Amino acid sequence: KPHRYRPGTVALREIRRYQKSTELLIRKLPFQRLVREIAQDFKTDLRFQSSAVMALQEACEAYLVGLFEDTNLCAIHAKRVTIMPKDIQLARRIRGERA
């Protein structure tokens, strides 16, 4: 009796939903802590303009969404639909980041 969408239907629903929007997908407060932690353990007693954290979060999510696109291509190239860590490693190798 209970209604269950088949595995993949809600995935494709979300892909359309999240590709239509522009708001940030990572949480604000967890991200700011992560930035302050990394900045602390490089130089102590630093303050951040609120915009500076937003700029980092903008570039970070933009970087990962692009890396996921090239990751998605690598999995599809290997006759899959599931992305795996060796896809990401291949994407970063050809890019020149991992070399």
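All residue numbers are counted from 1 along the displayed sequence.
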Seminar exercise, completed: Comparing mean C-alpha B factor in the record for 40-48 and 59-67, the higher one is 40-48
Problem set entry | Lowest, middle or highest third - CA B-factor, residue 12 | middle
Seminar exercise, completed: For residue 78, the third of its chain by CA B-factor is the highest
For this session: For residue 24, return the chain-relative third of its C-alpha B-factor as stated in the PDB record: lowest, middle or highest.
Result: highest
Exercise. Should residue 92 be placed in the lowest, middle or highest third of its chain by the C-alpha B factor in the entry?
Worked result: lowest
